[PDB]
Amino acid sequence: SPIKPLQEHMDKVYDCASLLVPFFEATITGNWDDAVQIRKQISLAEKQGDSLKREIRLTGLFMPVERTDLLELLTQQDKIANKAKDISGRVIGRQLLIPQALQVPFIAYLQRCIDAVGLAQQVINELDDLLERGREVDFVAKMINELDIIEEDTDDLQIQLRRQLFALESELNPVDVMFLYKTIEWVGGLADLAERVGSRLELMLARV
């Protein structure tokens, strides 16, 4: 299928974003050597994703989907990997310590944002089936329902996490407080980017 190269790229981007959980777990236990190694794994997966992206961009004729849709889809997908690499780099660069009280909830929030990327990977895969009449509406309905569940959870977790940070601001350095808010925001951006992947698929299905 013409979607297979895209599925492979999306699988790589999911792998890259998923490494953020053990990356952060390592920072939390104070094992910076390990966090540095997991960041190399994140960079490798990003580099690999890039190479797949390149080959796709440079490679047809009779087509069941638009070339431009595939390119736009690819663009959204690779942003997820770049976000993961960026976040990990900024964290290593400041040796960011998530405050004790925020550790458990931060990991749960991160994991749920990564689940949003997991949904994107899942929808791209489920699309082979749709490529192999009326079924498109049911597909989009399901996608919407699945995302609403994840968004409800991530919103609640994001709020709790910020509420906790707000209570700790008086005891932290302001610049560190701001970089903690930026990190929560950036993590949330992974889920935003994953939503744009499903939007691009929905546009393709709307073309007939």
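In case it trips you up, residue 1 is the first one in the sequence shown, and so on.
According to the record, the deposited sequence contains 1 to 3 residues between residue 59 and residue 60 that were left without coordinates.
As recorded in the PDB entry, 122-130 is the stretch of 98-106 and 122-130 with the greater mean C-alpha temperature factor. Mean CA B-factor, 22-30 versus 61-69: the higher value falls on 61-69. For residue 116, the recorded CA temperature factor ranks within the lowest third of the chain's modelled residues. The deposited CA B-factor of residue 74 belongs to the middle third of values across its chain. Residue 52: CA B factor lies in the middle third for its chain, per the PDB record. In this PDB entry, residue 203 carries a Cα temperature factor that places it within the lowest third of its chain's modelled residues.
Ranked within its chain, residue 46 lands in the middle third, by CA B factor from the PDB record.
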